[PDB]
Structure formats: C-alpha cells, structure tokens
Amino acid sequence: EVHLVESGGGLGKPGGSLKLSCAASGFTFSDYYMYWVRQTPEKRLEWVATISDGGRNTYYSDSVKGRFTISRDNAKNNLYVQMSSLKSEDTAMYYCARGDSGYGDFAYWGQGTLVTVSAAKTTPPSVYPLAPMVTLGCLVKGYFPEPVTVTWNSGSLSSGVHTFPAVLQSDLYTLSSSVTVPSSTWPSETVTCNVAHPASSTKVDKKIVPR
Amino acid sequence: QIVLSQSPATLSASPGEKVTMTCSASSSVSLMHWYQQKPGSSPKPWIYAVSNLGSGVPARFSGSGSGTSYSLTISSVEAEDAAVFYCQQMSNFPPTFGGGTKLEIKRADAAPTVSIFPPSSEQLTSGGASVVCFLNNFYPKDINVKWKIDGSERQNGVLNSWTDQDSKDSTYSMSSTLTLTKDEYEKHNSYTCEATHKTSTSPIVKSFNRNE
Ligand SMILES: [Zn+2]
C-alpha cells in the first residue's frame, strides 16, 4: 500500500523559516514526481510546488516563489519543503502528493501537517473534566497554536464522540469534546480523555469522576 | 492562471435523489479531476480524467464535460455522500482547484440531545468558571442557544462551535460555552442551557442548581 506521511508542522514566526518533511513508502519514490498542496483556513486548495522524479526540475506557485525550496532525497524516500520569509497566507494544512504514471491528478495524498504563522505565544492547554445514556466531556482551554488531538479511553470509545472545532479568542483556542455511553458503563467503568498538544510538548490524561 | 468556479456552493438532497454539481473554467481545459473531502482528512481522489471513477468510488457517481464546463452527478445520493467535492485541472500551468461544493444529505428531523456541565473543581481552583452545553445529533442544522442565569438570559462571553454533518446518521451537533470568573459564577445559583429547534414548539432545556 502506498503511504505518504508529513511531519514538521507547527508554529512559524512571521519572517522566519520552517522545514517540512514527507516520508514515502510502498512505491519506487525515485520513479515519480512529488508535489506540495496546501489548504488554507478558508478551505481553499492551492498547489505549492512540484519536483521531478530525479529532483533536477522544480516549479513553484507565485505566492511562494523565491521563499520556499522543494527538495527530495531519493535514497531516504523523503520529500521536503523549506519555507522562508513566512507570511500569514502561508498558514495552512500542507499535504504532500504523488501523481500516477499521466492526467495531472493528485492520486495519493498524505494525512497533512498544519503550519500556523504567527507572533502569538505557544501556550499549553488546560484540560478540564466535564462530569454531570450519559454524556461526559472534556474542555481543552487556552492553547496555541492548533492542533490538539483528543481521544477517549485511548481510542476505544470512538463511537458516540463529538470533538468540536476549536474557537479562537484573543490568540488562544478552546475546544470541547463529548462522549455518550450507556448508563451501565459510567460511572461503573472508567472514562478518560486523552489530550495531546504537540506544539507545547504536552500530553494530559483526565479521568472523568462523578462529582 | 485558470480560475475554476464551482456551483452551487451547497447542494441538499434526500437519500435516493439525484444531484448535479458543476465546475466552470475561465479557459478551455482537456480534462477535469474531482476530489471528495470529509472533516479531519485529506481530499480523496474521486474522479480522474473527467469520467473515470477512483478505486472504491461507487457506480452511482459519474463525471462528464468538455471545454470550459464539467460536472459531477450522483444518481442516488446516500448518507455517506455528505462531503465537500472539489474540481481540479492540470491542462494549463499551474494546476488549480475550484472552491468546492458541499453536499448536505437530508434526513427526518431529530431533536438535539442537550447536556449541561458546571465548571470543574479544577478550573475553579485557577479562578475561572466555564459552563458547557452540548446540543447533540439534531436535524436540521438551524438552532438557537440561549444561556440563562437565575431565570434571566445572559449574553457576552459565550463561544459556540458546530460540527460538520455526520456521515452515518446525517445529524449536526453544537457546543456552547459560557465563561465567567469564579467570583461571578459563585454569585448565582441556577444555570440553564436553552435550545430552540423546529422539532419542538417549546424550548429544550437542561439546568443545574449550585445547591445540588
Ligand atoms: Zn452576577
């Protein structure tokens, strides 16, 4: 199975630099052209750059030409993009994509890595348990930048979960996440929300106990 | 560059109904590609080279077009089709994308399941007090939420968030958070989250009392 995995995302200072990486596997990496495509917070998809199979040829969007550098390491199966002179328009989810052997379609995409360009301070979340079929929750308040990941019981409770999009207010995000379980399972069984905020190197586990 | 304009912005259909979305290009292109995207994931290849379905794409999807106008049709829409569809060309450099068309799948009206939570003892320990309300799995998306403290509506310091349409049951959900200081929170006793939805002529409420 073909796989593409981006890494390197996070907070970039305006005017600063940030390097993204994309690990490819499942195909002869050196036999394909590779692309970077981004999605802005308004959900617009915009092609960023192309690099030829051998790494000798490159193409850039007008927005990023002179600032970004696309490169590849055909021995390590890695695609890169070096960003410089970061602007607010660079704030986006960045995907690495592969085409096929040739209509110009993006046949394989990565999971994406989020880049936020801002002078606002990285702040860790404060995770609060929300105790009252029963509904429980977790409030992930006052963090920056996005993203955070929330799971319930390490992923085991995935059904009946609603993790809501974060809302920004005065340079800090807040999100909530609910989990609905049959009354026979809580409080007789333990329910824990697991929060990860990679930009602040924080992981928090909060068991929901009755009041 | 070639501008791709997609219409309509939003399609809304009941399961079994047919919908057609179009992608218009500022110049003639030889082919059109389409992607389907759901919240929390990358765009998935859906149609390549105008009419070829991607692997796993059901036969109810079809693509057609030529020149400056292309289309994507779903002959019988299903709950799983609730997604945003994007068109993309690579006939002129650079490759460009359309702004997407979102598909909303209609279902039988469903009442929000409302839940209210007082501030955690942990947050109170730091001087803050957020009261959270979840209004879960309802249809249609249109809903109003009010906060009441001791029998009167409270406005200011309320942050709301909505989820995208659920792919399994075609419902929406909303979170509402009222943030007060611990001092202000502790000056009152009754807290109510009040929803107004078309599935009930009366408001749907959930309350808690600080005496409890
Ligand atoms: Zn007061």
# chains A, B, ... in the order shown; residues from 1 in each chain; ligands from 1
$ interface_residues --of "chain B" --to "chain A" --cutoff "6 Å" --atoms "only C-alpha atoms" --output "number ranges by chain"
B: 42, 45, 90, 117, 163
$ write_last_selection --atoms "C-alpha atoms" --output "PDB file, in the first residue's frame"
ATOM      1  CA  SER B  42      -7.162  14.794   3.219  1.00  0.00           C
ATOM      2  CA  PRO B  45      -9.214  11.058  -5.369  1.00  0.00           C
ATOM      3  CA  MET B  90      -3.868  20.361 -14.863  1.00  0.00           C
ATOM      4  CA  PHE B 117     -21.964  20.742  32.820  1.00  0.00           C
ATOM      5  CA  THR B 163     -19.630  20.086  13.818  1.00  0.00           C
TER       6      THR B 163
END
$ residues_around --residues "residue B:83" --least-positions-apart "6" --cutoff "8 Å" --atoms "only C-alpha atoms" --output "PyMOL selection string"
chain B and resi 36-38+102-104
$ closest_residue --among "B:161, B:152, B:24, B:113" --to "ligand 1" --atoms "only C-alpha atoms and all ligand atoms"
B:152
$ select_by_dssp --residues "stretch 4-151 of chain A" --states "strand (DSSP E)" --output "PyMOL selection string"
chain A and resi 4-7+10-12+18-25+34-39+45-51+58-60+69-73+78-83+92-98+108-109+113-117+126-130+134-143+149-151
$ write_last_selection --atoms "C-alpha atoms" --output "PDB file, in the first residue's frame"
ATOM      1  CA  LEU A   4       2.792   9.428   2.447  1.00  0.00           C
ATOM      2  CA  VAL A   5       3.408  10.911   5.932  1.00  0.00           C
ATOM      3  CA  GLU A   6       4.130  14.618   6.568  1.00  0.00           C
ATOM      4  CA  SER A   7       5.922  15.980   9.635  1.00  0.00           C
ATOM      5  CA  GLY A  10       3.660  23.785  13.988  1.00  0.00           C
ATOM      6  CA  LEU A  11       4.155  27.474  14.732  1.00  0.00           C
ATOM      7  CA  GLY A  12       6.270  29.554  12.372  1.00  0.00           C
ATOM      8  CA  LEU A  18      10.243  26.194   8.852  1.00  0.00           C
ATOM      9  CA  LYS A  19      11.116  22.893   7.131  1.00  0.00           C
ATOM     10  CA  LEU A  20       8.503  20.238   6.324  1.00  0.00           C
ATOM     11  CA  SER A  21       9.230  16.584   5.618  1.00  0.00           C
ATOM     12  CA  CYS A  22       7.228  13.881   3.875  1.00  0.00           C
ATOM     13  CA  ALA A  23       8.103  10.169   4.179  1.00  0.00           C
ATOM     14  CA  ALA A  24       7.050   7.974   1.224  1.00  0.00           C
ATOM     15  CA  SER A  25       6.729   4.179   1.169  1.00  0.00           C
ATOM     16  CA  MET A  34       6.221  14.789  -5.996  1.00  0.00           C
ATOM     17  CA  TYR A  35       4.030  17.826  -5.018  1.00  0.00           C
ATOM     18  CA  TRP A  36       3.131  20.044  -2.043  1.00  0.00           C
ATOM     19  CA  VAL A  37      -0.529  21.244  -1.932  1.00  0.00           C
ATOM     20  CA  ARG A  38      -1.958  23.295   0.889  1.00  0.00           C
ATOM     21  CA  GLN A  39      -5.419  24.052   2.278  1.00  0.00           C
ATOM     22  CA  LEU A  45      -6.794  24.107  -2.005  1.00  0.00           C
ATOM     23  CA  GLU A  46      -3.690  25.639  -3.604  1.00  0.00           C
ATOM     24  CA  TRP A  47      -0.817  23.818  -5.305  1.00  0.00           C
ATOM     25  CA  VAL A  48       2.542  24.996  -3.864  1.00  0.00           C
ATOM     26  CA  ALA A  49       5.366  23.172  -5.642  1.00  0.00           C
ATOM     27  CA  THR A  50       6.473  20.265  -7.874  1.00  0.00           C
ATOM     28  CA  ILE A  51       9.770  18.397  -8.028  1.00  0.00           C
ATOM     29  CA  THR A  58      11.184  22.328  -9.818  1.00  0.00           C
ATOM     30  CA  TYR A  59       8.042  24.512 -10.204  1.00  0.00           C
ATOM     31  CA  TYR A  60       6.592  26.958  -7.611  1.00  0.00           C
ATOM     32  CA  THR A  69      12.514  25.422  -1.697  1.00  0.00           C
ATOM     33  CA  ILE A  70      11.286  21.958  -2.677  1.00  0.00           C
ATOM     34  CA  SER A  71      13.839  19.159  -2.461  1.00  0.00           C
ATOM     35  CA  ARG A  72      13.990  15.358  -2.341  1.00  0.00           C
ATOM     36  CA  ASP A  73      16.313  12.657  -1.050  1.00  0.00           C
ATOM     37  CA  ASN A  78      11.869  11.813   1.614  1.00  0.00           C
ATOM     38  CA  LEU A  79      10.275  14.896   0.111  1.00  0.00           C
ATOM     39  CA  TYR A  80      10.935  18.291   1.704  1.00  0.00           C
ATOM     40  CA  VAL A  81       9.897  21.891   1.575  1.00  0.00           C
ATOM     41  CA  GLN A  82      11.971  24.616   3.209  1.00  0.00           C
ATOM     42  CA  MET A  83       9.867  27.735   3.990  1.00  0.00           C
ATOM     43  CA  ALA A  92      -2.431  26.198   6.096  1.00  0.00           C
ATOM     44  CA  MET A  93      -2.553  22.377   6.304  1.00  0.00           C
ATOM     45  CA  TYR A  94       0.322  21.163   3.996  1.00  0.00           C
ATOM     46  CA  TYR A  95      -0.065  17.906   2.097  1.00  0.00           C
ATOM     47  CA  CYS A  96       2.491  16.030   0.048  1.00  0.00           C
ATOM     48  CA  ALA A  97       1.056  14.307  -3.002  1.00  0.00           C
ATOM     49  CA  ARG A  98       2.029  11.867  -5.721  1.00  0.00           C
ATOM     50  CA  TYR A 108      -2.115   9.907  -3.375  1.00  0.00           C
ATOM     51  CA  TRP A 109      -2.118  12.414  -0.532  1.00  0.00           C
ATOM     52  CA  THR A 113       0.719  18.749   8.704  1.00  0.00           C
ATOM     53  CA  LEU A 114      -0.587  22.096   9.992  1.00  0.00           C
ATOM     54  CA  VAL A 115       1.557  25.253   9.812  1.00  0.00           C
ATOM     55  CA  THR A 116       0.415  28.367  11.699  1.00  0.00           C
ATOM     56  CA  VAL A 117       2.293  31.639  11.029  1.00  0.00           C
ATOM     57  CA  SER A 126      -5.676  23.435  30.485  1.00  0.00           C
ATOM     58  CA  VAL A 127      -7.778  20.215  30.307  1.00  0.00           C
ATOM     59  CA  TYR A 128     -10.919  20.124  32.446  1.00  0.00           C
ATOM     60  CA  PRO A 129     -13.193  17.107  33.036  1.00  0.00           C
ATOM     61  CA  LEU A 130     -16.925  17.623  32.498  1.00  0.00           C
ATOM     62  CA  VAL A 134     -24.975   9.506  29.927  1.00  0.00           C
ATOM     63  CA  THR A 135     -22.914  12.277  28.294  1.00  0.00           C
ATOM     64  CA  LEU A 136     -19.474  13.288  29.599  1.00  0.00           C
ATOM     65  CA  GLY A 137     -16.958  15.786  28.242  1.00  0.00           C
ATOM     66  CA  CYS A 138     -13.578  17.378  28.282  1.00  0.00           C
ATOM     67  CA  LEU A 139     -12.808  21.053  27.876  1.00  0.00           C
ATOM     68  CA  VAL A 140      -9.407  21.873  26.346  1.00  0.00           C
ATOM     69  CA  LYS A 141      -8.964  25.582  27.072  1.00  0.00           C
ATOM     70  CA  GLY A 142      -6.420  28.333  26.332  1.00  0.00           C
ATOM     71  CA  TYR A 143      -3.879  26.760  23.981  1.00  0.00           C
ATOM     72  CA  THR A 149      -5.758  15.653  19.457  1.00  0.00           C
ATOM     73  CA  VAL A 150      -8.444  14.294  21.746  1.00  0.00           C
ATOM     74  CA  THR A 151      -9.180  10.602  22.289  1.00  0.00           C
TER      75      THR A 151
END
$ residues_near_ligand --ligand "ligand 1" --cutoff "7 Å" --atoms "only C-alpha atoms and all ligand atoms" --output "CSV table (one decimal) with N, CA, C and O atoms, in the first residue's frame"
chain,number,residue,atom,x,y,z
B,184,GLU,N,-17.9,35.6,39.9
B,184,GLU,CA,-19.2,35.9,39.3
B,184,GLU,C,-20.0,34.7,39.2
B,184,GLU,O,-21.2,34.8,39.5
B,187,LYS,N,-21.7,34.0,42.5
B,187,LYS,CA,-22.7,34.9,42.9
B,187,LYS,C,-24.1,34.5,42.5
B,187,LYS,O,-25.1,35.1,42.8
B,188,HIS,N,-24.2,33.4,41.7
B,188,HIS,CA,-25.5,32.9,41.2
B,188,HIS,C,-25.8,31.4,41.5
B,188,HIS,O,-24.8,30.8,42.0
$ atom_distance --atom1 "atom CA of residue B:76" --atom2 "atom CA of residue B:41"
24.3 Å
$ residues_around --residues "stretch 129-145 of chain B" --least-positions-apart "6" --cutoff "7 Å" --atoms "only C-alpha atoms" --output "PDB file with N, CA, C and O atoms, in the first residue's frame"
ATOM      1  N   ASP B 109     -36.328  15.022  10.665  1.00  0.00           N
ATOM      2  CA  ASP B 109     -35.974  15.934  11.760  1.00  0.00           C
ATOM      3  C   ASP B 109     -35.704  15.201  13.088  1.00  0.00           C
ATOM      4  O   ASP B 109     -36.418  14.255  13.428  1.00  0.00           O
ATOM      5  N   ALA B 110     -34.615  15.575  13.781  1.00  0.00           N
ATOM      6  CA  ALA B 110     -34.234  14.933  15.029  1.00  0.00           C
ATOM      7  C   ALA B 110     -33.962  15.989  16.100  1.00  0.00           C
ATOM      8  O   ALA B 110     -33.383  17.041  15.805  1.00  0.00           O
ATOM      9  N   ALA B 111     -34.437  15.747  17.330  1.00  0.00           N
ATOM     10  CA  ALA B 111     -34.282  16.729  18.407  1.00  0.00           C
ATOM     11  C   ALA B 111     -32.880  16.678  18.976  1.00  0.00           C
ATOM     12  O   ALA B 111     -32.308  15.583  19.118  1.00  0.00           O
ATOM     13  N   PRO B 112     -32.323  17.840  19.361  1.00  0.00           N
ATOM     14  CA  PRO B 112     -30.981  17.823  19.972  1.00  0.00           C
ATOM     15  C   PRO B 112     -31.024  17.155  21.337  1.00  0.00           C
ATOM     16  O   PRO B 112     -31.975  17.359  22.092  1.00  0.00           O
ATOM     17  N   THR B 113     -30.019  16.338  21.647  1.00  0.00           N
ATOM     18  CA  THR B 113     -29.896  15.744  22.967  1.00  0.00           C
ATOM     19  C   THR B 113     -29.034  16.745  23.732  1.00  0.00           C
ATOM     20  O   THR B 113     -27.845  16.909  23.419  1.00  0.00           O
ATOM     21  N   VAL B 114     -29.640  17.472  24.686  1.00  0.00           N
ATOM     22  CA  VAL B 114     -28.945  18.544  25.391  1.00  0.00           C
ATOM     23  C   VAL B 114     -28.319  18.089  26.718  1.00  0.00           C
ATOM     24  O   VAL B 114     -28.929  17.314  27.463  1.00  0.00           O
ATOM     25  N   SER B 115     -27.071  18.518  26.998  1.00  0.00           N
ATOM     26  CA  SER B 115     -26.403  18.174  28.263  1.00  0.00           C
ATOM     27  C   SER B 115     -25.693  19.392  28.786  1.00  0.00           C
ATOM     28  O   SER B 115     -25.017  20.049  28.008  1.00  0.00           O
ATOM     29  N   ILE B 116     -25.805  19.680  30.092  1.00  0.00           N
ATOM     30  CA  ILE B 116     -25.140  20.843  30.694  1.00  0.00           C
ATOM     31  C   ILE B 116     -24.150  20.397  31.757  1.00  0.00           C
ATOM     32  O   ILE B 116     -24.402  19.430  32.472  1.00  0.00           O
ATOM     33  N   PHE B 117     -23.013  21.093  31.865  1.00  0.00           N
ATOM     34  CA  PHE B 117     -21.964  20.742  32.820  1.00  0.00           C
ATOM     35  C   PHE B 117     -21.518  21.975  33.554  1.00  0.00           C
ATOM     36  O   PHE B 117     -21.148  22.953  32.918  1.00  0.00           O
ATOM     37  N   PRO B 118     -21.500  21.941  34.890  1.00  0.00           N
ATOM     38  CA  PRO B 118     -20.982  23.094  35.640  1.00  0.00           C
ATOM     39  C   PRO B 118     -19.459  23.209  35.518  1.00  0.00           C
ATOM     40  O   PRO B 118     -18.795  22.236  35.170  1.00  0.00           O
ATOM     41  N   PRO B 119     -18.845  24.333  35.950  1.00  0.00           N
ATOM     42  CA  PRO B 119     -17.372  24.413  35.980  1.00  0.00           C
ATOM     43  C   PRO B 119     -16.773  23.241  36.749  1.00  0.00           C
ATOM     44  O   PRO B 119     -17.346  22.809  37.759  1.00  0.00           O
ATOM     45  N   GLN B 123     -10.898  23.866  37.319  1.00  0.00           N
ATOM     46  CA  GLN B 123     -10.884  25.228  36.758  1.00  0.00           C
ATOM     47  C   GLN B 123     -11.129  26.291  37.817  1.00  0.00           C
ATOM     48  O   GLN B 123     -10.470  27.357  37.792  1.00  0.00           O
ATOM     49  N   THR B 171     -26.792  13.904  11.092  1.00  0.00           N
ATOM     50  CA  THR B 171     -27.142  14.940  12.067  1.00  0.00           C
ATOM     51  C   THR B 171     -26.002  15.968  12.273  1.00  0.00           C
ATOM     52  O   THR B 171     -24.883  15.799  11.774  1.00  0.00           O
ATOM     53  N   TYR B 172     -26.315  17.049  12.991  1.00  0.00           N
ATOM     54  CA  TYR B 172     -25.382  18.071  13.400  1.00  0.00           C
ATOM     55  C   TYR B 172     -25.273  18.080  14.937  1.00  0.00           C
ATOM     56  O   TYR B 172     -26.124  17.521  15.630  1.00  0.00           O
ATOM     57  N   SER B 173     -24.233  18.720  15.467  1.00  0.00           N
ATOM     58  CA  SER B 173     -24.065  18.878  16.903  1.00  0.00           C
ATOM     59  C   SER B 173     -23.458  20.244  17.150  1.00  0.00           C
ATOM     60  O   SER B 173     -22.817  20.821  16.269  1.00  0.00           O
ATOM     61  N   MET B 174     -23.689  20.782  18.334  1.00  0.00           N
ATOM     62  CA  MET B 174     -23.176  22.097  18.688  1.00  0.00           C
ATOM     63  C   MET B 174     -22.711  22.108  20.128  1.00  0.00           C
ATOM     64  O   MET B 174     -23.255  21.404  20.966  1.00  0.00           O
ATOM     65  N   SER B 175     -21.679  22.890  20.403  1.00  0.00           N
ATOM     66  CA  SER B 175     -21.179  23.091  21.752  1.00  0.00           C
ATOM     67  C   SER B 175     -21.336  24.591  22.050  1.00  0.00           C
ATOM     68  O   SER B 175     -21.152  25.433  21.162  1.00  0.00           O
ATOM     69  N   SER B 176     -21.738  24.924  23.274  1.00  0.00           N
ATOM     70  CA  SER B 176     -21.863  26.305  23.699  1.00  0.00           C
ATOM     71  C   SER B 176     -21.135  26.427  25.048  1.00  0.00           C
ATOM     72  O   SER B 176     -21.367  25.609  25.931  1.00  0.00           O
ATOM     73  N   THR B 177     -20.262  27.425  25.211  1.00  0.00           N
ATOM     74  CA  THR B 177     -19.528  27.595  26.459  1.00  0.00           C
ATOM     75  C   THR B 177     -19.660  28.998  26.936  1.00  0.00           C
ATOM     76  O   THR B 177     -19.300  29.909  26.216  1.00  0.00           O
ATOM     77  N   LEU B 178     -20.149  29.174  28.159  1.00  0.00           N
ATOM     78  CA  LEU B 178     -20.275  30.474  28.807  1.00  0.00           C
ATOM     79  C   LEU B 178     -19.118  30.578  29.817  1.00  0.00           C
ATOM     80  O   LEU B 178     -19.044  29.763  30.720  1.00  0.00           O
ATOM     81  N   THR B 179     -18.188  31.521  29.640  1.00  0.00           N
ATOM     82  CA  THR B 179     -17.059  31.650  30.564  1.00  0.00           C
ATOM     83  C   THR B 179     -17.232  32.842  31.496  1.00  0.00           C
ATOM     84  O   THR B 179     -17.337  33.976  31.043  1.00  0.00           O
ATOM     85  N   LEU B 180     -17.249  32.586  32.790  1.00  0.00           N
ATOM     86  CA  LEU B 180     -17.347  33.612  33.814  1.00  0.00           C
ATOM     87  C   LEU B 180     -16.095  33.523  34.704  1.00  0.00           C
ATOM     88  O   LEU B 180     -15.314  32.577  34.571  1.00  0.00           O
ATOM     89  N   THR B 181     -15.921  34.473  35.649  1.00  0.00           N
ATOM     90  CA  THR B 181     -14.888  34.317  36.657  1.00  0.00           C
ATOM     91  C   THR B 181     -15.506  33.441  37.757  1.00  0.00           C
ATOM     92  O   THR B 181     -16.731  33.322  37.849  1.00  0.00           O
ATOM     93  N   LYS B 182     -14.674  32.854  38.627  1.00  0.00           N
ATOM     94  CA  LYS B 182     -15.157  32.065  39.741  1.00  0.00           C
ATOM     95  C   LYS B 182     -16.026  32.945  40.669  1.00  0.00           C
ATOM     96  O   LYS B 182     -17.094  32.520  41.105  1.00  0.00           O
ATOM     97  N   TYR B 185     -19.422  33.486  38.913  1.00  0.00           N
ATOM     98  CA  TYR B 185     -20.114  32.204  38.881  1.00  0.00           C
ATOM     99  C   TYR B 185     -20.727  31.915  40.263  1.00  0.00           C
ATOM    100  O   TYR B 185     -21.895  31.502  40.363  1.00  0.00           O
ATOM    101  N   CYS B 193     -29.143  26.011  29.979  1.00  0.00           N
ATOM    102  CA  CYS B 193     -28.792  26.000  28.581  1.00  0.00           C
ATOM    103  C   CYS B 193     -30.143  25.758  27.877  1.00  0.00           C
ATOM    104  O   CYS B 193     -30.756  24.714  28.111  1.00  0.00           O
ATOM    105  N   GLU B 194     -30.616  26.716  27.064  1.00  0.00           N
ATOM    106  CA  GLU B 194     -31.922  26.653  26.403  1.00  0.00           C
ATOM    107  C   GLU B 194     -31.851  26.578  24.876  1.00  0.00           C
ATOM    108  O   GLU B 194     -31.422  27.543  24.244  1.00  0.00           O
ATOM    109  N   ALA B 195     -32.284  25.457  24.272  1.00  0.00           N
ATOM    110  CA  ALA B 195     -32.274  25.342  22.811  1.00  0.00           C
ATOM    111  C   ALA B 195     -33.642  25.587  22.182  1.00  0.00           C
ATOM    112  O   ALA B 195     -34.657  25.161  22.729  1.00  0.00           O
ATOM    113  N   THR B 196     -33.674  26.235  21.016  1.00  0.00           N
ATOM    114  CA  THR B 196     -34.906  26.373  20.250  1.00  0.00           C
ATOM    115  C   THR B 196     -34.644  25.726  18.896  1.00  0.00           C
ATOM    116  O   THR B 196     -33.773  26.180  18.145  1.00  0.00           O
ATOM    117  N   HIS B 197     -35.338  24.611  18.628  1.00  0.00           N
ATOM    118  CA  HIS B 197     -35.204  23.811  17.405  1.00  0.00           C
ATOM    119  C   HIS B 197     -36.604  23.547  16.806  1.00  0.00           C
ATOM    120  O   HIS B 197     -37.575  23.412  17.557  1.00  0.00           O
TER     121      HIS B 197
END
$ atom_distance --atom1 "atom CA of residue A:16" --atom2 "atom CA of residue A:144"
17.8 Å
$ atom_distance --atom1 "atom CA of residue A:203" --atom2 "atom CA of residue A:120"
21.1 Å
$ closest_residue --among "A:159, A:88, A:154, A:63" --to "residue A:194" --atoms "only C-alpha atoms"
A:154
$ closest_residue --among "B:108, B:11, B:53, B:149" --to "residue B:198" --atoms "only C-alpha atoms"
B:108
$ select_by_dssp --residues "stretch 1-204 of chain A" --states "helix (DSSP H, G or I)" --output "ChimeraX atom specification"
/A:29-31,88-90,153-155,198-200
$ residues_around --residues "residue B:89" --least-positions-apart "2" --cutoff "7 Å" --atoms "only C-alpha atoms" --output "PyMOL selection string"
chain B and resi 31-33+91+95-97
$ write_last_selection --atoms "C-alpha atoms" --output "PDB file, in the first residue's frame"
ATOM      1  CA  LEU B  31      -9.795  17.088 -18.542  1.00  0.00           C
ATOM      2  CA  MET B  32     -11.274  17.625 -15.022  1.00  0.00           C
ATOM      3  CA  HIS B  33     -10.383  15.794 -11.832  1.00  0.00           C
ATOM      4  CA  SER B  91      -4.237  21.350 -18.557  1.00  0.00           C
ATOM      5  CA  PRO B  95      -2.803  23.279 -11.588  1.00  0.00           C
ATOM      6  CA  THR B  96      -5.796  24.987  -9.926  1.00  0.00           C
ATOM      7  CA  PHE B  97      -8.744  23.970  -7.742  1.00  0.00           C
TER       8      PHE B  97
END
$ decode --residues "stretch 82-97 of chain B" --atoms "N, CA, C and O atoms" --output "mmCIF file, in the first residue's frame"
data_model
loop_
_atom_site.group_PDB
_atom_site.id
_atom_site.type_symbol
_atom_site.label_atom_id
_atom_site.label_comp_id
_atom_site.auth_asym_id
_atom_site.auth_seq_id
_atom_site.Cartn_x
_atom_site.Cartn_y
_atom_site.Cartn_z
ATOM 1 N N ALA B 82 -22.295 12.967 2.306
ATOM 2 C CA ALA B 82 -22.181 14.253 2.996
ATOM 3 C C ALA B 82 -20.685 14.611 3.073
ATOM 4 O O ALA B 82 -19.954 14.087 3.916
ATOM 5 N N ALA B 83 -20.231 15.456 2.150
ATOM 6 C CA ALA B 83 -18.832 15.836 1.988
ATOM 7 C C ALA B 83 -18.728 17.091 1.091
ATOM 8 O O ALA B 83 -19.748 17.569 0.590
ATOM 9 N N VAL B 84 -17.522 17.673 0.951
ATOM 10 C CA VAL B 84 -17.264 18.783 0.060
ATOM 11 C C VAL B 84 -16.492 18.199 -1.113
ATOM 12 O O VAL B 84 -15.585 17.387 -0.914
ATOM 13 N N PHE B 85 -16.944 18.502 -2.345
ATOM 14 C CA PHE B 85 -16.342 17.994 -3.576
ATOM 15 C C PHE B 85 -15.601 19.111 -4.276
ATOM 16 O O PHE B 85 -16.131 20.216 -4.413
ATOM 17 N N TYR B 86 -14.365 18.855 -4.686
ATOM 18 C CA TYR B 86 -13.537 19.863 -5.344
ATOM 19 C C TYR B 86 -13.176 19.434 -6.745
ATOM 20 O O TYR B 86 -12.859 18.276 -6.950
ATOM 21 N N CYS B 87 -13.167 20.373 -7.706
ATOM 22 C CA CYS B 87 -12.696 20.043 -9.044
ATOM 23 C C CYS B 87 -11.288 20.646 -9.200
ATOM 24 O O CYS B 87 -10.924 21.605 -8.511
ATOM 25 N N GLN B 88 -10.501 20.079 -10.109
ATOM 26 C CA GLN B 88 -9.121 20.490 -10.295
ATOM 27 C C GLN B 88 -8.688 20.201 -11.720
ATOM 28 O O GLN B 88 -8.989 19.138 -12.265
ATOM 29 N N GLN B 89 -7.980 21.147 -12.320
ATOM 30 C CA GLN B 89 -7.454 20.976 -13.669
ATOM 31 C C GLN B 89 -5.919 20.997 -13.656
ATOM 32 O O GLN B 89 -5.318 21.595 -12.779
ATOM 33 N N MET B 90 -5.296 20.318 -14.622
ATOM 34 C CA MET B 90 -3.868 20.361 -14.863
ATOM 35 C C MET B 90 -3.630 20.371 -16.391
ATOM 36 O O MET B 90 -2.820 19.615 -16.915
ATOM 37 N N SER B 91 -4.408 21.181 -17.116
ATOM 38 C CA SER B 91 -4.237 21.350 -18.557
ATOM 39 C C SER B 91 -3.395 22.592 -18.830
ATOM 40 O O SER B 91 -2.702 22.648 -19.835
ATOM 41 N N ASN B 92 -3.479 23.600 -17.964
ATOM 42 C CA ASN B 92 -2.666 24.800 -18.042
ATOM 43 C C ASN B 92 -1.911 24.910 -16.721
ATOM 44 O O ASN B 92 -2.469 24.630 -15.662
ATOM 45 N N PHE B 93 -0.684 25.422 -16.777
ATOM 46 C CA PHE B 93 0.126 25.595 -15.594
ATOM 47 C C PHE B 93 -0.106 26.970 -14.969
ATOM 48 O O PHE B 93 -0.143 27.964 -15.684
ATOM 49 N N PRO B 94 -0.313 27.061 -13.650
ATOM 50 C CA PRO B 94 -0.282 25.979 -12.658
ATOM 51 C C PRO B 94 -1.589 25.222 -12.483
ATOM 52 O O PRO B 94 -2.642 25.766 -12.796
ATOM 53 N N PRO B 95 -1.546 23.979 -11.907
ATOM 54 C CA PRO B 95 -2.803 23.279 -11.588
ATOM 55 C C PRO B 95 -3.617 24.114 -10.594
ATOM 56 O O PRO B 95 -3.042 24.769 -9.705
ATOM 57 N N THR B 96 -4.946 24.165 -10.788
ATOM 58 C CA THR B 96 -5.796 24.987 -9.926
ATOM 59 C C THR B 96 -6.992 24.201 -9.433
ATOM 60 O O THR B 96 -7.349 23.198 -10.032
ATOM 61 N N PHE B 97 -7.587 24.644 -8.327
ATOM 62 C CA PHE B 97 -8.744 23.970 -7.742
ATOM 63 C C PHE B 97 -9.938 24.909 -7.684
ATOM 64 O O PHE B 97 -9.766 26.113 -7.479
#
